[PDB]
Structure formats: C-alpha cells, structure tokens
Amino acid sequence: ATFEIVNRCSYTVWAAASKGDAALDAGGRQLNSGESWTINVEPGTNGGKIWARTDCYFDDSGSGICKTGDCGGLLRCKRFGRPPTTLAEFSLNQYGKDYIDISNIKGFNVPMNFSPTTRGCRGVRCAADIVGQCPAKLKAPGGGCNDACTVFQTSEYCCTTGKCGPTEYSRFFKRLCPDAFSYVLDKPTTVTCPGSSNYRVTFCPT
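Each number in the working numbering corresponds to the 1-based position in the sequence shown with 2 added.
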C-alpha cells in the first residue's frame, strides 16, 4: 500500500512511520513545507502509525532529538514516538478490509487529514486548533497538548482496568475533534476501507 505523506504546514515537520517494533519503509524523513514523501507499507501491516515530529535536530548519523514525537532520537523511526503525537493509525488487509483512524489517545501536536486516494470509503480529519485551546494542565512545554494518561498516570485516564469512561480531558479532545479517538474506550471512529486501499496523510490540511 502506498501512503503519500504531505506537509501542508508552514513549518518543517519530520514524518515518522512505524508498527512499534519496526520502521515502515525508511521510518522517517524531513518534510519541509509543501513537500510530499511516498512510502510503501507492506500488505497486512497491523497496528501501523504515521505521525509528525516538530523541532528536530539530527547529526550526520541521523541521531538527535525532537520536541514532539521523538522516537529514541532517530531520524528513521523504528519505534513509536514520545507524546504528544496526533496519530494516523491503520491495520491493512484484515480479513479483506483495511481499517483507518485518527487518534488523540497519545495527545496532539499537528493537525492531520488521513484519507484514501483510491475508491470506496471516506477520510477522517482532526484539524482544529487543539494546541492553542489545550487545557492548561495538558499543555506540553515542549510544544503540543498531552493526553491525560501521559500527564497523570491513573487507571481512569490510561484505561488500565478496561472499565474507564470519558473524562473532562477526553471530552476536550472529542469536542475539538469528534472524528478522532479521545480515550481508549471511546466510541470508535474507525473507517472500513477496501482491502489494499492507498492513502494520503496531510499535515495541516486546512
């Protein structure tokens, strides 16, 4: 499956793509404002994620740091990134279909649209100004709006017992972005697409 990752932000981002224990394609790359990076993701990838990283520094070897979404200091991510990270999430070729969503379970850093480029399902978008509106207790000094699990480390925010409900903090993300997951047991906003669809993730779509 091909994913075209497009940076429509006025600022440079460093895209990242991983299934948690491995890079997807190169794993990461710089995208200046307006640049497009096409990656190939193996069919049947389960639990894949694409995100943006902000305010990164990398040396010649591809090691450094990002203010948001840092993946162990690597340009070429092989693991998931450090919150806050708006997440484009996908499991492909799962019994004939692909499944896509946007999640704010790990916070929000950059606005995102995640849409098919092929026929047969709709896209999802979280493009509201979540950083600017972020509750004070969730604001990431590094930049971004953390989720409440990251900040407070409770069973209720992290849904550790599988019994949690919505919270004042999850309802903030949900209000700004109804089409993204706001907490682990949120009513799903997952979209069913044709198996072997192709996609585009646009940062700052508006």
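Note that the Cβ used here is the ideal one computed from N, Cα and C, for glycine as well.
Check your understanding: Just checking my contact of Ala182 with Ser105 at CB under 8 Å: how many whole Å lie between their CB atoms?
Key -> Indeed, because the Cβ distance is near 6 Å, the residues count as touching under 8 Å.
Exercise for review: Please state if the CB of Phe174 and the CB of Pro143 are separated by a distance shorter than 7 Å.
Suggested key: It is not a contact, given that the beta carbons lie outside the stated cut-off.
Check your understanding: From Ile7 to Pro118, what distance separates their C-alpha atoms?
Key -> Cα to Cα, the separation comes out at about 12 Å.
Point to revise | N- and C-terminal bounds of the beta strand (DSSP E) containing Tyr171 | key: Where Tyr171 is concerned, there is no enclosing beta strand (DSSP E), although the alpha helix (DSSP H) it sits in stretches over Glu170 to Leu178.
Practice item. Please report how far the alpha carbon of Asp27 lies from the alpha carbon of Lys51, in whole angstroms. Key: Cα to Cα, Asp27 sits roughly 12 Å from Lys51.
Review point. Count the other CB atoms within 10 Å of the CB of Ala150; is the residue buried (16 or more) or exposed (fewer)?
Key: When all chains shown are included, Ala150 counts as buried.
Check your understanding: For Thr191, does the three-state DSSP call read helix, strand or coil?
Key -> It is coil, neither helix nor strand.
Check your understanding: Is there contact here, the segment 36 to 56 with the segment 91 to 99, by at least three beta-carbon pairs under 8 Å?
Key -> Yes: the two stretches touch, three or more of their Cβ pairs being nearer than 8 Å.
Practice item. Ignore the nearest five residues each way along the sequence and tell me which others in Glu158's own chain have a CB closer than 8 Å to its CB. Key: For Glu158, where only same-chain residues beyond five positions count, the Cβ hits under 8 Å are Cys166, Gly167 and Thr169.
Check your understanding: Assuming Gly145 contacts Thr56 under a Cβ cut-off of 8 Å, what Cβ separation, rounded to an integer in Å, is found between them?
Key -> About 6 Å separates the two Cβ atoms, so the contact holds.
Exercise for review: Just mark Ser184 as buried or exposed, buried being the case when its beta carbon has 16 or more other beta carbons within 10 Å.
Suggested key: Of the residues assessed, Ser184 falls on the buried side of the cut-off, its CB having 16 or more other CB atoms within 10 angstroms.
Check your understanding: What residues match up with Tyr201 in a beta bridge as DSSP calls it?
Key -> According to DSSP, which records beta bridges pairwise, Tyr201 is partnered with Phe5 and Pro118.
Check your understanding: Are the segment 16 to 27 and the segment 71 to 78 touching, with three or more C-beta to C-beta distances below 8 Å?
Key -> Yes, they touch.
Check your understanding: So who's on the other strand from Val186, going by DSSP bridges?
Key -> Partner(s): none; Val186 has no beta bridge.
Practice item. Excluding the 5 residues preceding and the 5 following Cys179 in the sequence, name in chain order all residues of the same chain whose CB lies nearer than 6 Å to its CB. Key: Closer than 6 Å at the Cβ level, and outside the excluded window around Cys179, lie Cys128 and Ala130.
Check your understanding: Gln155 to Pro113, Cα distance in whole Å?
Key -> About 25 Å.
Review point. Roughly how many angstroms lie between the CA atoms of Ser199 and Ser20, to the nearest whole one?
Key: Each residue's alpha carbon lies about 18 Å from the other.
Exercise for review: Figure out for me which residue from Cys11, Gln135, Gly29 and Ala17 has the closest Cα to the Cα of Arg81.
Suggested key: Distances from the alpha-carbon of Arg81 to those of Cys11, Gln135, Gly29 and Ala17 put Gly29 closest.
**Study point:** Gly71 at chain B interface by Cβ criterion, 7 Å
**Key:** This model lacks chain B altogether; it includes just one protein chain.
Review point. Between which two residues does the alpha helix (DSSP H) harbouring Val133 extend?
Key: For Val133, the enclosing alpha helix (DSSP H) covers residues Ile132 to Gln135.
Check your understanding: In whole angstroms, what is the alpha-carbon distance linking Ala3 and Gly125?
Key -> Approximately 16 Å, taken between the alpha carbons.
Review point. Quick one: is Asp72 buried, meaning 16 or more other Cβ sit within 10 Å of its Cβ, or exposed?
Key: Around the C-beta of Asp72, 16 or more other C-beta atoms lie within 10 Å, and the residue is accordingly described as buried.
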